[PDB]
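Protein chains in written order, with the authors' numbering: chain s, 41 to 89; chain 0, 79 to 186; chain 2, 48 to 92; chain O, 9 to 160.
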RNA sequence: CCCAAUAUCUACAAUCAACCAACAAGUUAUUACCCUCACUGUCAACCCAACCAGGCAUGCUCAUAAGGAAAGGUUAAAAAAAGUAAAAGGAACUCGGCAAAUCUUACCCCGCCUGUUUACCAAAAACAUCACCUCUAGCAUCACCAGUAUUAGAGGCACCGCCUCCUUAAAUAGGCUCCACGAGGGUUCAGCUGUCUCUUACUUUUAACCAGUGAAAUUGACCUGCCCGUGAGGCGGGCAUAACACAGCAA
Ligand SMILES: [Mg+2]
Ligand SMILES: [Mg+2]
Ligand SMILES: [Mg+2]
Ligand SMILES: [Mg+2]
Ligand SMILES: [Mg+2]
Ligand SMILES: [Mg+2]
Ligand SMILES: [Mg+2]
Ligand SMILES: [Mg+2]
Ligand SMILES: [Mg+2]
Ligand SMILES: [Mg+2]
Ligand SMILES: [Mg+2]
Ligand SMILES: [Zn+2]
């Protein structure tokens with residue numbers, strides 16, 4: 041009956057693994073979006089070069 | 079406020095060279111009786127500690143090269159073995175971190 | 048708060064201190080000639 | 009006045025103090041030996057000891073699991089705590105960590121300290137031995153050992 | 001970084017532009033030419049503030065996929081700064097409920113209202129302002145104005161309507177009509193609270209110590225005491241008096 045917390049990296053930390061996990065956070069924000077409108081909104085709202 | 083008069087070199091010398099401001103001679107230095115380097119009593123021989131940190135760093139570099147990436151703290155003990163040292167009968171089931179130089183005399 | 052009265056602008060700088068503005072009036076030609084006499088190597092802005 | 013206050017003051021407040029000590033303790037559990045400023049290590053030694061105490065209770069206990077969840081930040085170390093450290097000290101009932109002072113830091117000349125968990129694999133710290141038992145004063149004291157033992 | 005010439009035109013808004021409703025009223029026909037991509041910006045941690053918790057227009061992300069580090073090490077003295085908590089009492093503080101905590105009420109003076117002002121001590125009871133009144137002016141192509149007496153300029157006043165003893169235990173305080181509004185001024189009810197009776201604890205910065213880097217006002221010379229008198233560390237008469245840092249205080 042071992043409740044081991046998961047083996048994941050941290051969210052708020054300033055490293056590379058934290059950056060990847062925040063990438064997964066917004067990608068899971070789009071996976072859990074039902075309208076194609078919102079999927080395209082979230083998947084293109086950040087304007088970069 | 080502000081000074082009313084310059085202070086002479088005499089007063090400044092009686093302040094700057096007062097004993098309370100001098101650097102005290104340290105009564106607790108000696109020589110590592112075996113190793114023969116300077117040290118304070120309550121502190122580690124600096125040369126010995128450096129020669130230990132070098133080996134710790136080399137061992138840890140091997141550990142990193144073997145564990146691959148981050149988040150890989152093993153769940154078993156670890157033993158480090160130098161050249162021509164077969165894993166002893168007590169160290170089976172413990173991760174081995176091979177090194178390629180003769181074991182230091184100070185490593186027991 | 049003061050001290051930032053110079054908000055640079057190339058159009059303004061070339062319009063109100065430039066070669067053509069000096070040469071568009073006798074006073075400006077006098078200015079250019081003074082600065083030619085004193086030896087300057089920056090006659091006009 | 010600060011009579012009977014056992015906790016140092018460090019960081020930007022109490023919370024930052026707990027977080028600093030938490031990072032030190034995580035580094036200690038991950039590498040089993042760390043060099044840090046002396047006062048911070050002296051503050052963290054008690055926490056490392058009690059962490060091993062909580063880890064002895066074992067995985068099944070939930071209070072210990074929550075505590076080790078808070079006090080370890082990269083969770084790969086929580087296995088270790090409950091399967092390499094706490095088992096290692098099944099015999100010792102106290103004093104799992106040794107703390108030494110080392111040459112002051114080059115840059116800011118702070119008072120340093122190496123702290124490690126007893127029994128690790130690393131090359132051993134150059135501990136200071138006592139005087140050999142065969143020295144003059146020790147020999148005279150050994151003679152007194154004998155002569156007092158026979159009398160009693 | 002532009003455009004071949006000439007004539008013609010060019011009455012009706014924009015507001016999801018359709019319903020209602022308004023006022024501040026918002027290019028081509030002919031003639032000439034069958035030519036092709038040259039030239040410049042493109043960097044950065046950046047610019048104006050002597051180096052900087054300041055200043056800096058627009059588009060998009062609205063809490064971050066981007067960007068960063070509030071603690072050189074230590075100890076936990078005073079005084080100072082910011083914050084959190086507080087017994088009973090709740091303005092007795094004080095010039096004044098300034099600050100803080102809590103959210104209610106009532107009136108009075110001034111000004112009608114929104115607005116504007118003394119960049120850097122005054123935001124107001126001052127300026128402006130609709131409304132009213134007075135004075136001047138019969139009119140062309142550079143303002144008033146491509147206007148014309150219901151117009152233009154210059155002044156005063158300030159819509160509109162009406163006319164030309166109580167309070168407190170105690171009190172020097174408060175008590176032309178005219179809604180609405182005010183970081184305006186004065187007063188009051190109730191609450192609230194460390195404002196206070198009367199302070200206390202903890203945290204952070206400062207602080208003190210170790211290490212690095214390292215100013216400025218000020219300075220006749222100083223081997224820089226106290227009391228009484230004279231007119232005051234320095235004169236006189238008494239007293240005191242081994243030298244030397246460090247942290248405080250402000251006669
Ligand atoms: Mg670019
Ligand atoms: Mg980032
Ligand atoms: Mg600190
Ligand atoms: Mg910092
Ligand atoms: Mg500091
Ligand atoms: Mg109270
Ligand atoms: Mg106003
Ligand atoms: Mg006002
Ligand atoms: Mg210093
Ligand atoms: Mg006197
Ligand atoms: Mg002093
Ligand atoms: Zn040694």
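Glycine included, C-beta positions come from ideal geometry on N, C-alpha and C.
Contact annotation for residue 154 (chain 0) against chain O: 91, 92 [CB-CB distance below 9 Å, chain order]. In this structure, 48 (chain O) is the residue among 34 (chain O), 48 (chain O), 10 (chain O) with its C-alpha nearest to the C-alpha of residue 19 (chain O).
For residue 102 (chain O), the closest alpha carbon among the candidates 121 (chain O), 152 (chain O), 27 (chain O), 62 (chain O) is that of 62 (chain O). With its beta carbon at least 7 Å from every one in chain s, residue 119 (chain O) lies outside the interface. For residue 125 (chain O), the uninterrupted beta strand (DSSP E) segment begins and ends at 120 to 125.
Below 8 Å, enough C-beta pairs join the region 120 to 131 of chain 0 and the region 108 to 121 of chain O to call them touching: three or more.
Within 8 Å of the CB of residue 63 (chain s), no CB atom of chain 0 is found; the nearest one sits about 17 Å away.
For residue 99 (chain O), no CB of chain 0 lies under 7 Å from its own CB, so it is not counted at the interface with that chain. For residue 56 (chain s), the enclosing alpha helix (DSSP H) covers residues 56 to 71.
Residues are counted here when their Cβ sits less than 8 Å from a Cβ of chain s; for the region 139 to 171 of chain 0 these are 148, 149, given in chain order.
Chain O places a beta carbon closer than 7 Å to that of residue 42 (chain s), counting this residue as a contact. Burial of residue 35 (chain O) is indicated by the presence of at least 16 other C-beta atoms within 10 angstroms of its C-beta. For residue 70 (chain O), the chain s residues whose C-beta falls within less than 8 Å of its own C-beta are 43, listed in chain order.
With 16 or more other Cβ atoms inside 10 Å of its own Cβ, residue 124 (chain O) counts as buried. At least 7 Å separates the beta-carbon of residue 52 (chain O) from that of residue 80 (chain O).
Residue range 73 to 84 is occupied by the alpha helix (DSSP H) that includes residue 77 (chain 2).
Identification of chain O residues near residue 86 (chain 0) by a Cβ-Cβ cut-off of 9 Å yields none; the smallest Cβ-Cβ distance measures about 34 Å. For residue 57 (chain O) and residue 157 (chain 0), the gap between their C-alpha atoms comes out near 24 Å. Assigned with DSSP and collapsed to three states, residue 100 (chain 0) falls in coil, not helix or strand. The residues 145, 173, in chain order, have a CB closer than 8 Å to that of residue 152 (chain 0) in the same chain once the five nearest residues on each side in sequence are set aside. The CB of residue 49 (chain s) comes closer than 9 Å to the CB of 148, 149 in chain 0, given here in chain order. For residue 37 (chain O), the three-state secondary structure derived from DSSP is helix. Unbroken beta strand (DSSP E) runs of no fewer than 3 residues, entirely contained in the region 100 to 130 of chain 0, are found at 107 to 109, 116 to 118, following chain order. Boundaries for residue 159 (chain 0): no alpha helix (DSSP H) harbours it, while the beta strand (DSSP E) harbouring it runs 156 to 159, taken from the DSSP string. In terms of Cβ geometry, residue 122 (chain O) and residue 85 (chain O) do not form a close pair [threshold 7 Å]. A Cβ-Cβ separation of about 5 Å places residue 45 (chain O) in contact with residue 118 (chain O) under the 8 Å criterion.
Relative to ligand 12, residue 115 (chain 0) has its C-beta within less than 6 Å of a heavy atom. Under the criterion of beta carbons closer than 8 Å, residue 59 (chain s) and residue 51 (chain s) do not qualify as touching, at roughly 10 Å.
For residue 84 (chain O), the closest Cβ of chain 0 is nearer than 7 Å. Residue 175 (chain 0) sits in a strand when the DSSP states are folded into three classes. The beta carbon of residue 177 (chain 0) sits closer than 8 Å to those of 136, 137, 140, 158, 159, 160, 161, all from its chain and outside the five residues before and after it, given in chain order. Going by beta carbons, residue 118 (chain 0) and residue 105 (chain 0) fall outside the 7 Å limit. Relative to residue 92 (chain 2), the option among 61 (chain 2), 82 (chain 2), 80 (chain 2), 78 (chain 2) whose CA is nearest is 61 (chain 2).
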